[PDB]
Amino acid sequence: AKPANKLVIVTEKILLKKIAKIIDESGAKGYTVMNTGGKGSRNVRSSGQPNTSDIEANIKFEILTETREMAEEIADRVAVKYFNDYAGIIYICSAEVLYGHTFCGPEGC
Amino acid sequence: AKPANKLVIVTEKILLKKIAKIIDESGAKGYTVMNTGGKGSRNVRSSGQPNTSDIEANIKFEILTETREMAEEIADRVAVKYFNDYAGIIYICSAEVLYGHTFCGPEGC
Amino acid sequence: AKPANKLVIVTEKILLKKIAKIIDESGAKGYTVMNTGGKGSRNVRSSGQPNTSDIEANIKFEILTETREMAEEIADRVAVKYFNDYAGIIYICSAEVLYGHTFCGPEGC
Amino acid sequence: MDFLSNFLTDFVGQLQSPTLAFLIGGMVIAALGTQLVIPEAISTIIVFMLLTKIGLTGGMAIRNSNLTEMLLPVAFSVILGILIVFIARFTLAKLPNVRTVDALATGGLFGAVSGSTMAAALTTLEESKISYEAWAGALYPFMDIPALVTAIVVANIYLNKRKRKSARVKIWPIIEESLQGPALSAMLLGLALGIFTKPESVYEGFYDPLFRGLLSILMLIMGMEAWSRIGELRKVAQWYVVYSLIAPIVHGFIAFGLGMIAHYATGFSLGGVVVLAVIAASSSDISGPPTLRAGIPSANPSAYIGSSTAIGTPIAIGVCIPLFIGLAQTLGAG
Amino acid sequence: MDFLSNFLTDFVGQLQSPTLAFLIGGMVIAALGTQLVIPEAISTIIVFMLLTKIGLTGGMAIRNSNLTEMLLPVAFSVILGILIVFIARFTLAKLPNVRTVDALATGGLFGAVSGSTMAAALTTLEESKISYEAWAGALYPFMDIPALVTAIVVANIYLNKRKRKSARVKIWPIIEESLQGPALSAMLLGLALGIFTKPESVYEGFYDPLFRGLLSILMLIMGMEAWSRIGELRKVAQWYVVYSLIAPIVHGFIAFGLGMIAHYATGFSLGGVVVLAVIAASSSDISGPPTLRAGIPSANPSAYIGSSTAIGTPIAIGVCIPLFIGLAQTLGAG
Amino acid sequence: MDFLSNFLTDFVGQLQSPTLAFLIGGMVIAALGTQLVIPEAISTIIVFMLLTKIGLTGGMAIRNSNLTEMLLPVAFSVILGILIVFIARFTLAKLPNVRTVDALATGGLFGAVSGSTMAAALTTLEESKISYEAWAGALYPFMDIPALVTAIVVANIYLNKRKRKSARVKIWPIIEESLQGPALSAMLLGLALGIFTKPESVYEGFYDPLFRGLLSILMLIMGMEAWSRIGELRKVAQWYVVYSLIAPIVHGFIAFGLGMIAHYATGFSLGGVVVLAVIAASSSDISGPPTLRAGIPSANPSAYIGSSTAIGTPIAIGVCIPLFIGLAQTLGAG
Ligand SMILES: Nc1ncnc2c1ncn2[C@@H]1O[C@H](COP(=O)(O)O)[C@@H](O)[C@H]1O
Ligand SMILES: Nc1ncnc2c1ncn2[C@@H]1O[C@H](COP(=O)(O)O)[C@@H](O)[C@H]1O
Ligand SMILES: Nc1ncnc2c1ncn2[C@@H]1O[C@H](COP(=O)(O)O)[C@@H](O)[C@H]1O
Ligand code: NA
Ligand code: NA
Ligand code: NA
């Protein structure tokens, strides 16, 4: 049970490739993204398809980082670069990674 | 990193607008809903469309509240009103909101 | 608020029925699965449908167990059986289940 | 007399036809496994654009016709839809182990009308060359809306006098929520575009050619959606299997003869009587169980969904559409 | 002179036709609620395979024709698409409470073209028996790409001299991101398959028959997508309602006469002039607002999306397609 | 002798036709970016209702025909599907840097067939006016099921004697899981509805008209799904590029002549020999993958998916469908 930090970024859908570049360049081992819907008083959501078929219009990243200082390095290069003009929220939870290869190493957790 | 509480409500799909009224009236800054599937020994799920195309038949709210007493105010007006006849589960996790405007304020977190 | 443990399994999509057998046999009260997308340096994802329409190609279980020793019993019968040949990551978070019937009991939480 | 003769040779010819062949073909494969699934995006655009065709062919033949003829069949369906839920309140609910809240919700769905069992009749009426009345497709909202609203009111007037008297329903947001739902606002759009505009270049060319084809995809879904609930009414008592197997036969006989008053009073089509029967015998299972779950939350959803999907809709199409075509083909012209 | 005569009897005949009847039919039901929704998987294969037809019918009639005739209309659209955003920079932006960054983004969307307002014109041109030029569908990428790129450059050359001088745009990844997007790579595929291959067995049989039918499903989406943003331009100032209601009329007049230089210089179709007008008078709202949100992030999305969806596209189809068909039917042959 | 003459003028006419033009048209746009995507709900109802047509046209011409003629071609495919995986076990696996577990899984997919590569042959056989046998579409089950099951058994009988002897497969749940999967239970439904019922009013009108049209949408997906795996077999050794480029040519020659025993023994169609060759020269890439990953989990999915999608299916359609039509058009009638 290697202790980790679950960074969660919940932003607009059109930032799918752009924040995934920030995650890959920061040195995180990977991410998990899913399509969500929400309500946050900045609700416009261009998104590419028409509005009435936008049952889900946000995306939710979940990045498990080994150290706290990497999770606030990812979260800072997003909120400076995109959240002054786009929607979003970022929060850190705690987690203990039990299994996995790129996060434990060959020795295990 | 303003400390918050992630309220999670996992209920049937047909309560999408009804619980979103309870969240908006309680004074929460917003929610995040997504379509999930599950198994809980109360599995019927009318849902509007036919049954065989119900790969996902639940919905999962995630409400970040500033105080614990608001998250149990949202969770109480749902379980009294709907969970005596509908399916559902509610749980609180802990989180530290890093960025966001409606949750931090103009001063930041 | 009965204290629980949120076991999260994020694996390939083709293990939907196979890990759901492991969850049902272990004595957990239920699970919550959703379709996600990701990136983890083991990215192939056969998945049954063609590749270009694989916006989401992973699945994400969330199992709330009453005790820690059940959550590591579920997580061990998956990583031994499937993660030597398939993709995946498992982690435990903490949660306090407020409401629900199969998890609280008739006396409540 | 000549009715068992022109049923048994009509039940076979129904079973050869693809509007029933894919229904029992869909139950057979779903009984054998079949990870085949028709996705939700395809099933939505097939329930739409099948009811838009029913709306457009009803709206075109309602503007060039005197709408005095409509007065008897649209009043004989409002009466009949309220009548079905009271039949279930005095016949189904009076069995030893059955709840009144469930029996009102089971009879609430059989009063209503599904577009699957309905569009299966509109093809079979013009496959056996019986000239039906074209606006009879617009008779769908009547005996769909008064049947679901007289199951929510009656279940609350039962449930009030059990805890207030023994141990209030806002009548408009029930019927302005079922009206602007899908599969009904698809047809009301199709009506208003037929009365007012002239969509004859898109009806013959898109909505009429692939109507009988998309119906067969939709009948395949309803067969698979019937086997998925066949293990659900083995959770409630055995009288629901008896009700859902006999009530399509009973509700259509007191729809046929109650609609035989028409074309004796005002000129009605006699191929519209069998359309008015198959709509009375059919039971809702897509637009129905969203309501009677927000309206009647204390009911058992395994009791009313499991009766109108598993046994209600295959019997309303298998042994009920040829039961009333042949009876209309015997009693008069076909 | 004869133009108000052949507008008012042409506006009614437009409004009876299903390419506008489902648009106002889609706004009426969406104003009344309607949990009817056309899913995203159906809306994608309808925007594809409607622009593949426009591509295939443009690519077939571009290989057997001398492509000297194309030189004036594909240059009169590059000039015109750059012209629209400068009109909004010197007319719309010079109002009391309006930002320059928003007014360049509103004029950026009107400069572009939308395949919904375009394919509605290609049916109505051959419904009123006006022989239009078949490669005019391939004029879509011009006055879509130079209009969006001259709204991002001009908004940055405004926003640079506000913080650098008062208190750099890479020109290629703007136009190689809008080019290989959906609804444009669907048509460029349709062009190259018409120039090089012979898809005449799949064009007549799949892409041509259900073109006018799928257009009606697509016009229904655009009506519902117009009512969903009608409450969004009540958040910005009242001059956007004036701009989006007059600029389809103004931008098409200086497209018609600017395209009347053709068939006086090189032989052009005169049913292609009205196609070149409806493409100039229509504003983009599906492929557009992905750009001008990654390109101009400091703009208000409620100001430019709410003007080109709610008021831009219904007026470009309601009062602008019959405005230029009749004007082309008066001035010359029809 | 006359075979290079009637290939090179047949390879061009194949490449002009939309059943190959959209395949290379789909690889060209996907090589250039293109955020165009055909969604999963559309791709499912196109693989269904293309194999339902193949099932219905096979089931109709199997009830009015003596089924003695079927005995040789349905036995020459069971033999051949087992034969392909042993060819890969003694040719592909015996290279310097290649694993036996991967080479059995690559030959396991080439053994199996692909509805996309088979639907492309059934149109091209009746585009060049060659009367093929109609039940040859019902030959999809054979040489799909014995080829995938003799790659899982043989890979386990290799992997047992590596750790048990050097350092048990339940034969039924392999073939009752591939049988009731999608794209095969779509066709077995289409067979049983053709043998038993009479769906001739829905076949000619829905399943036959938009067959060649939906095939072109499906060939566009397979081109984009070929470029998405072209960077995946640059992760495994270079002998997979040699295998996947030659084995469609080799496996069809020992399918043609092995099927030339038919119409010398029992009366076979000779346009069914070329159907039996393409069904033998094609790979899985959609149904094959799900299996041989639950059955052979220790294999490299980049080695067998990257060979049957990227190089297997474009060569089986580009240089293999005209290779065997012309060889059947030379050797006999066409
Ligand atoms: N307090 C909150 N709890 C959960 N999700 C939120 C909260 N505030 C904002 N969000 C989500 O953050 C995204 C952007 O919201 P905003 O930027 O506040 O408009 C949307 O997906 C919201 O649902
Ligand atoms: N122990 C649990 N862990 C995770 N999800 C659960 C659990 N129990 C119930 N659920 C979810 O709660 C919803 C309702 O279940 P129930 O009300 O118990 O039938 C379904 O989406 C279940 O998947
Ligand atoms: N550090 C991480 N954070 C979040 N998700 C991850 C992480 N590592 C792997 N995953 C997810 O785990 C699944 C399998 O990745 P892998 O097995 O590492 O290829 C994919 O869905 C990834 O997105
Ligand atoms: Na009824
Ligand atoms: Na324009
Ligand atoms: Na093969």
# chains A, B, ... in the order shown; residues from 1 in each chain; ligands from 1
>>> residues_near_ligand(ligand="ligand 4", cutoff="6 Å", atoms="only C-alpha atoms and all ligand atoms", output="list in words")
residues 110, 111, 112, 113, 279, 280, 281, 282 and 283 of chain D
>>> write_last_selection(atoms="C-alpha atoms", output="PDB file, in the first residue's frame")
ATOM      1  CA  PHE D 110     -52.496  -1.976 -19.849  1.00  0.00           C
ATOM      2  CA  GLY D 111     -54.863   0.954 -20.276  1.00  0.00           C
ATOM      3  CA  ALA D 112     -52.043   2.883 -21.921  1.00  0.00           C
ATOM      4  CA  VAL D 113     -50.788   2.232 -25.451  1.00  0.00           C
ATOM      5  CA  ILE D 279     -54.463   0.013 -29.142  1.00  0.00           C
ATOM      6  CA  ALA D 280     -56.805  -0.957 -26.247  1.00  0.00           C
ATOM      7  CA  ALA D 281     -55.253  -4.463 -25.881  1.00  0.00           C
ATOM      8  CA  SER D 282     -51.581  -3.314 -26.170  1.00  0.00           C
ATOM      9  CA  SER D 283     -49.730  -2.318 -22.936  1.00  0.00           C
TER      10      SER D 283
END
>>> interface_residues(of="chain C", to="chain D", cutoff="12 Å", atoms="only C-alpha atoms", output="PyMOL selection string")
chain C and resi 17+48-49
>>> interface_residues(of="chain B", to="chain A", cutoff="8 Å", atoms="only C-alpha atoms", output="list in words")
residues 1, 29, 30, 31, 32, 33, 34, 35, 94, 95, 96, 97, 98, 99, 100, 101 and 102 of chain B
>>> write_last_selection(atoms="N, CA, C and O atoms", output="short mmCIF file (atom, residue, chain, number, x, y, z; two decimals), in the first residue's frame")
data_model
loop_
_atom_site.label_atom_id
_atom_site.label_comp_id
_atom_site.auth_asym_id
_atom_site.auth_seq_id
_atom_site.Cartn_x
_atom_site.Cartn_y
_atom_site.Cartn_z
N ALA B 1 -5.30 25.16 -0.63
CA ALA B 1 -5.96 23.88 -0.40
C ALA B 1 -7.02 24.02 0.67
O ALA B 1 -6.79 23.68 1.83
N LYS B 29 -22.38 24.96 -4.20
CA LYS B 29 -21.92 25.75 -5.34
C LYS B 29 -22.09 25.01 -6.66
O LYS B 29 -22.08 25.65 -7.71
N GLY B 30 -22.24 23.70 -6.63
CA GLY B 30 -22.47 22.95 -7.84
C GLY B 30 -22.33 21.47 -7.59
O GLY B 30 -22.03 21.03 -6.49
N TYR B 31 -22.55 20.71 -8.66
CA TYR B 31 -22.45 19.26 -8.59
C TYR B 31 -21.79 18.73 -9.85
O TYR B 31 -21.56 19.45 -10.81
N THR B 32 -21.49 17.43 -9.83
CA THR B 32 -20.95 16.72 -10.97
C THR B 32 -21.62 15.36 -11.05
O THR B 32 -21.46 14.54 -10.14
N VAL B 33 -22.36 15.11 -12.12
CA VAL B 33 -23.14 13.90 -12.28
C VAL B 33 -22.59 13.12 -13.46
O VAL B 33 -22.06 13.71 -14.41
N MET B 34 -22.64 11.80 -13.38
CA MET B 34 -22.20 10.93 -14.46
C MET B 34 -23.05 9.67 -14.44
O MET B 34 -23.63 9.31 -13.43
N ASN B 35 -23.13 9.01 -15.59
CA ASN B 35 -23.96 7.82 -15.73
C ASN B 35 -23.13 6.58 -15.43
O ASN B 35 -22.13 6.33 -16.11
N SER B 94 -13.17 12.86 1.93
CA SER B 94 -12.52 14.12 2.25
C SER B 94 -11.62 14.57 1.11
O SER B 94 -10.99 13.75 0.44
N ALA B 95 -11.56 15.88 0.91
CA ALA B 95 -10.81 16.45 -0.20
C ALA B 95 -10.35 17.86 0.16
O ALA B 95 -10.96 18.54 0.99
N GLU B 96 -9.28 18.29 -0.49
CA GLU B 96 -8.76 19.65 -0.37
C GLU B 96 -8.86 20.31 -1.73
O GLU B 96 -8.09 19.98 -2.63
N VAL B 97 -9.79 21.25 -1.88
CA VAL B 97 -9.97 21.92 -3.16
C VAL B 97 -8.83 22.89 -3.40
O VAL B 97 -8.62 23.83 -2.63
N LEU B 98 -8.09 22.67 -4.48
CA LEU B 98 -6.94 23.52 -4.79
C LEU B 98 -7.36 24.77 -5.54
O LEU B 98 -7.04 25.89 -5.13
N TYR B 99 -8.08 24.61 -6.65
CA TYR B 99 -8.46 25.73 -7.49
C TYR B 99 -9.95 25.69 -7.78
O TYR B 99 -10.63 24.71 -7.49
N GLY B 100 -10.45 26.78 -8.34
CA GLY B 100 -11.87 26.95 -8.58
C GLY B 100 -12.21 28.35 -8.11
O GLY B 100 -11.55 28.92 -7.24
N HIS B 101 -13.24 28.93 -8.71
CA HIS B 101 -13.62 30.30 -8.38
C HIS B 101 -14.82 30.38 -7.45
O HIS B 101 -14.78 31.16 -6.49
N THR B 102 -15.88 29.62 -7.70
CA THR B 102 -17.05 29.69 -6.85
C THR B 102 -16.84 29.03 -5.50
O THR B 102 -17.62 29.29 -4.57
#
>>> calpha_fit_rmsd(fixed="chain E", moving="chain F")
0.1 Å
>>> interface_residues(of="chain E", to="chain D", cutoff="7 Å", atoms="only C-alpha atoms", output="ChimeraX atom specification")
/E:16-18,21,25,33-36,38-39,41-42,210,212-213
>>> residues_near_ligand(ligand="ligand 6", cutoff="12 Å", atoms="only C-alpha atoms and all ligand atoms", output="PyMOL selection string")
chain F and resi 77-85+106-115+117-118+139-148+244+247-255+275-285+288+308+312-313+316
>>> atom_distance(atom1="CA of residue 23 (chain D)", atom2="CA of residue 5 (chain D)")
24.6 Å
>>> calpha_fit_and_write(fixed="chain A", moving="chain B", output="JSON list (two decimals) with C-alpha atoms, in the first residue's frame")
[["chain", "number", "residue", "atom", "x", "y", "z"],
["B", 1, "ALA", "CA", 0.00, 0.00, 0.00],
["B", 2, "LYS", "CA", 2.19, 2.80, -1.32],
["B", 3, "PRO", "CA", 0.62, 6.11, -0.21],
["B", 4, "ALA", "CA", -0.44, 8.32, -3.12],
["B", 5, "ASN", "CA", -2.43, 11.46, -3.86],
["B", 6, "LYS", "CA", -5.45, 11.42, -6.16],
["B", 7, "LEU", "CA", -5.45, 14.67, -8.09],
["B", 8, "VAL", "CA", -8.87, 15.31, -9.65],
["B", 9, "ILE", "CA", -9.38, 17.90, -12.40],
["B", 10, "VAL", "CA", -12.97, 18.55, -13.51],
["B", 11, "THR", "CA", -13.00, 20.88, -16.51],
["B", 12, "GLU", "CA", -14.68, 21.50, -19.87],
["B", 13, "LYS", "CA", -14.66, 18.79, -22.51],
["B", 14, "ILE", "CA", -12.64, 20.70, -25.12],
["B", 15, "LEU", "CA", -9.49, 20.52, -22.95],
["B", 16, "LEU", "CA", -9.10, 16.77, -23.41],
["B", 17, "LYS", "CA", -5.85, 16.75, -25.37],
["B", 18, "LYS", "CA", -4.50, 19.94, -23.82],
["B", 19, "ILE", "CA", -4.51, 18.88, -20.18],
["B", 20, "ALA", "CA", -3.39, 15.39, -21.19],
["B", 21, "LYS", "CA", -0.25, 17.03, -22.58],
["B", 22, "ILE", "CA", 0.33, 18.75, -19.22],
["B", 23, "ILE", "CA", -0.08, 15.43, -17.39],
["B", 24, "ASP", "CA", 2.33, 13.59, -19.70],
["B", 25, "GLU", "CA", 4.99, 16.31, -19.52],
["B", 26, "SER", "CA", 4.88, 16.57, -15.73],
["B", 27, "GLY", "CA", 6.17, 13.04, -15.18],
["B", 28, "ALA", "CA", 2.99, 11.39, -13.91],
["B", 29, "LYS", "CA", 2.70, 7.70, -14.70],
["B", 30, "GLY", "CA", -0.75, 8.11, -16.21],
["B", 31, "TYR", "CA", -4.26, 9.46, -15.90],
["B", 32, "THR", "CA", -7.89, 8.37, -15.99],
["B", 33, "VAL", "CA", -10.43, 10.56, -17.77],
["B", 34, "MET", "CA", -14.20, 10.17, -18.00],
["B", 35, "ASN", "CA", -17.07, 12.22, -19.39],
["B", 36, "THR", "CA", -19.24, 13.87, -16.73],
["B", 37, "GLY", "CA", -21.97, 16.47, -16.50],
["B", 38, "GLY", "CA", -22.19, 19.32, -14.03],
["B", 39, "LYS", "CA", -23.36, 22.74, -12.92],
["B", 40, "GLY", "CA", -21.07, 25.51, -11.75],
["B", 41, "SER", "CA", -22.34, 28.98, -12.80],
["B", 42, "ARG", "CA", -19.96, 29.06, -15.79],
["B", 43, "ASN", "CA", -22.11, 26.74, -17.90],
["B", 44, "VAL", "CA", -21.78, 27.31, -21.65],
["B", 45, "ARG", "CA", -19.90, 24.29, -23.07],
["B", 46, "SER", "CA", -19.27, 24.73, -26.81],
["B", 47, "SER", "CA", -17.99, 21.13, -27.02],
["B", 48, "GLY", "CA", -18.26, 20.58, -30.79],
["B", 49, "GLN", "CA", -21.61, 18.76, -30.99],
["B", 50, "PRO", "CA", -25.01, 20.50, -30.58],
["B", 51, "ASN", "CA", -26.19, 21.49, -27.13],
["B", 52, "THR", "CA", -29.26, 19.30, -26.64],
["B", 53, "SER", "CA", -27.17, 16.13, -26.95],
["B", 54, "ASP", "CA", -24.79, 17.23, -24.17],
["B", 55, "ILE", "CA", -25.97, 14.87, -21.43],
["B", 56, "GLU", "CA", -22.30, 14.89, -20.39],
["B", 57, "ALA", "CA", -20.28, 18.02, -21.16],
["B", 58, "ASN", "CA", -17.35, 17.97, -18.71],
["B", 59, "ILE", "CA", -14.33, 15.73, -18.31],
["B", 60, "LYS", "CA", -12.87, 14.43, -15.06],
["B", 61, "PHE", "CA", -9.20, 13.52, -14.81],
["B", 62, "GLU", "CA", -7.91, 11.42, -11.92],
["B", 63, "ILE", "CA", -4.12, 11.42, -11.58],
["B", 64, "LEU", "CA", -2.43, 9.33, -8.90],
["B", 65, "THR", "CA", 0.93, 10.91, -8.12],
["B", 66, "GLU", "CA", 3.61, 9.53, -5.84],
["B", 67, "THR", "CA", 4.37, 12.85, -4.13],
["B", 68, "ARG", "CA", 2.27, 15.86, -3.12],
["B", 69, "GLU", "CA", 4.62, 18.29, -4.86],
["B", 70, "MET", "CA", 3.99, 16.71, -8.27],
["B", 71, "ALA", "CA", 0.21, 16.89, -7.86],
["B", 72, "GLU", "CA", 0.40, 20.61, -7.13],
["B", 73, "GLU", "CA", 2.79, 20.99, -10.07],
["B", 74, "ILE", "CA", 0.18, 19.52, -12.42],
["B", 75, "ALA", "CA", -2.61, 21.54, -10.79],
["B", 76, "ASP", "CA", -0.68, 24.80, -11.10],
["B", 77, "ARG", "CA", 0.15, 24.50, -14.80],
["B", 78, "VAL", "CA", -3.57, 24.05, -15.53],
["B", 79, "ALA", "CA", -5.14, 26.78, -13.39],
["B", 80, "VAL", "CA", -2.67, 29.43, -14.56],
["B", 81, "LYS", "CA", -2.97, 28.41, -18.20],
["B", 82, "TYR", "CA", -6.66, 27.59, -18.61],
["B", 83, "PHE", "CA", -8.86, 28.44, -15.64],
["B", 84, "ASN", "CA", -8.76, 32.20, -16.17],
["B", 85, "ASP", "CA", -10.90, 31.74, -19.29],
["B", 86, "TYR", "CA", -12.34, 28.20, -18.95],
["B", 87, "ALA", "CA", -14.34, 26.39, -16.30],
["B", 88, "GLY", "CA", -12.84, 24.07, -13.74],
["B", 89, "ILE", "CA", -12.14, 22.77, -10.24],
["B", 90, "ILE", "CA", -9.14, 20.90, -8.82],
["B", 91, "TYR", "CA", -8.89, 18.94, -5.57],
["B", 92, "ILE", "CA", -6.56, 16.43, -3.92],
["B", 93, "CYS", "CA", -7.75, 13.32, -2.10],
["B", 94, "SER", "CA", -5.59, 10.67, -0.43],
["B", 95, "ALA", "CA", -5.16, 7.06, -1.50],
["B", 96, "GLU", "CA", -2.97, 4.01, -0.94],
["B", 97, "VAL", "CA", -2.11, 2.30, -4.22],
["B", 98, "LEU", "CA", -2.20, -1.46, -3.67],
["B", 99, "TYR", "CA", -1.28, -2.88, -7.08],
["B", 100, "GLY", "CA", -0.02, -1.64, -10.42],
["B", 101, "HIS", "CA", 3.30, -1.90, -12.21],
["B", 102, "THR", "CA", 4.27, 1.60, -13.33],
["B", 103, "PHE", "CA", 3.42, 3.06, -9.92],
["B", 104, "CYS", "CA", 4.86, 0.40, -7.60],
["B", 105, "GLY", "CA", 7.87, -0.72, -9.59],
["B", 106, "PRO", "CA", 9.02, -4.32, -10.06],
["B", 107, "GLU", "CA", 9.44, -4.73, -6.29],
["B", 108, "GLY", "CA", 5.73, -4.11, -5.69],
["B", 109, "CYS", "CA", 3.80, -2.07, -3.17]]
>>> residues_around(residues="residue 157 (chain D)", least_positions_apart="3", cutoff="12 Å", atoms="only C-alpha atoms", output="list in words")
residues 100, 101, 104, 150, 151, 152, 153, 154, 160, 161, 162, 163, 164, 165, 168, 169 and 296 of chain D
>>> decode(residues="region 248-266 of chain E", atoms="N, CA and C atoms", output="PDB file, in the first residue's frame")
ATOM      1  N   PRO E 248     -27.458  38.676 -41.671  1.00  0.00           N
ATOM      2  CA  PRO E 248     -27.739  37.781 -42.804  1.00  0.00           C
ATOM      3  C   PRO E 248     -28.320  38.483 -44.022  1.00  0.00           C
ATOM      4  N   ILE E 249     -29.027  39.589 -43.846  1.00  0.00           N
ATOM      5  CA  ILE E 249     -29.554  40.276 -45.014  1.00  0.00           C
ATOM      6  C   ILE E 249     -28.461  41.102 -45.684  1.00  0.00           C
ATOM      7  N   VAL E 250     -27.587  41.724 -44.894  1.00  0.00           N
ATOM      8  CA  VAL E 250     -26.570  42.609 -45.450  1.00  0.00           C
ATOM      9  C   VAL E 250     -25.447  41.814 -46.104  1.00  0.00           C
ATOM     10  N   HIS E 251     -24.990  40.739 -45.457  1.00  0.00           N
ATOM     11  CA  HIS E 251     -23.859  39.962 -45.959  1.00  0.00           C
ATOM     12  C   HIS E 251     -24.188  39.195 -47.226  1.00  0.00           C
ATOM     13  N   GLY E 252     -25.463  38.956 -47.503  1.00  0.00           N
ATOM     14  CA  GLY E 252     -25.851  38.247 -48.702  1.00  0.00           C
ATOM     15  C   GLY E 252     -26.039  39.161 -49.892  1.00  0.00           C
ATOM     16  N   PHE E 253     -26.463  40.404 -49.642  1.00  0.00           N
ATOM     17  CA  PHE E 253     -26.547  41.393 -50.714  1.00  0.00           C
ATOM     18  C   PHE E 253     -25.171  41.737 -51.258  1.00  0.00           C
ATOM     19  N   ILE E 254     -24.167  41.816 -50.391  1.00  0.00           N
ATOM     20  CA  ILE E 254     -22.809  42.098 -50.836  1.00  0.00           C
ATOM     21  C   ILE E 254     -22.089  40.788 -51.107  1.00  0.00           C
ATOM     22  N   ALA E 255     -22.857  39.705 -51.194  1.00  0.00           N
ATOM     23  CA  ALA E 255     -22.450  38.429 -51.761  1.00  0.00           C
ATOM     24  C   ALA E 255     -23.115  38.158 -53.092  1.00  0.00           C
ATOM     25  N   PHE E 256     -24.381  38.555 -53.225  1.00  0.00           N
ATOM     26  CA  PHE E 256     -25.096  38.393 -54.484  1.00  0.00           C
ATOM     27  C   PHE E 256     -24.458  39.246 -55.571  1.00  0.00           C
ATOM     28  N   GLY E 257     -24.400  40.561 -55.345  1.00  0.00           N
ATOM     29  CA  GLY E 257     -23.848  41.459 -56.341  1.00  0.00           C
ATOM     30  C   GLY E 257     -22.360  41.289 -56.539  1.00  0.00           C
ATOM     31  N   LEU E 258     -21.639  40.940 -55.477  1.00  0.00           N
ATOM     32  CA  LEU E 258     -20.232  40.595 -55.611  1.00  0.00           C
ATOM     33  C   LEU E 258     -20.053  39.284 -56.363  1.00  0.00           C
ATOM     34  N   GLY E 259     -21.077  38.431 -56.380  1.00  0.00           N
ATOM     35  CA  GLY E 259     -21.124  37.264 -57.233  1.00  0.00           C
ATOM     36  C   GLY E 259     -21.882  37.450 -58.521  1.00  0.00           C
ATOM     37  N   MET E 260     -22.488  38.624 -58.729  1.00  0.00           N
ATOM     38  CA  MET E 260     -23.033  38.985 -60.034  1.00  0.00           C
ATOM     39  C   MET E 260     -21.962  39.415 -61.016  1.00  0.00           C
ATOM     40  N   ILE E 261     -20.736  39.639 -60.547  1.00  0.00           N
ATOM     41  CA  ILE E 261     -19.612  39.830 -61.451  1.00  0.00           C
ATOM     42  C   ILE E 261     -19.374  38.553 -62.246  1.00  0.00           C
ATOM     43  N   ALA E 262     -19.592  37.404 -61.616  1.00  0.00           N
ATOM     44  CA  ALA E 262     -19.641  36.150 -62.340  1.00  0.00           C
ATOM     45  C   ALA E 262     -20.948  36.047 -63.131  1.00  0.00           C
ATOM     46  N   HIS E 263     -20.904  35.200 -64.164  1.00  0.00           N
ATOM     47  CA  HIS E 263     -21.809  35.094 -65.334  1.00  0.00           C
ATOM     48  C   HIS E 263     -21.961  36.413 -66.101  1.00  0.00           C
ATOM     49  N   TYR E 264     -21.082  37.370 -65.832  1.00  0.00           N
ATOM     50  CA  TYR E 264     -20.747  38.477 -66.703  1.00  0.00           C
ATOM     51  C   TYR E 264     -19.295  38.434 -67.134  1.00  0.00           C
ATOM     52  N   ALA E 265     -18.423  37.812 -66.341  1.00  0.00           N
ATOM     53  CA  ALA E 265     -17.017  37.659 -66.686  1.00  0.00           C
ATOM     54  C   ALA E 265     -16.714  36.265 -67.223  1.00  0.00           C
ATOM     55  N   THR E 266     -16.973  35.236 -66.426  1.00  0.00           N
ATOM     56  CA  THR E 266     -16.895  33.859 -66.880  1.00  0.00           C
ATOM     57  C   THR E 266     -18.241  33.204 -66.622  1.00  0.00           C
TER      58      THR E 266
END
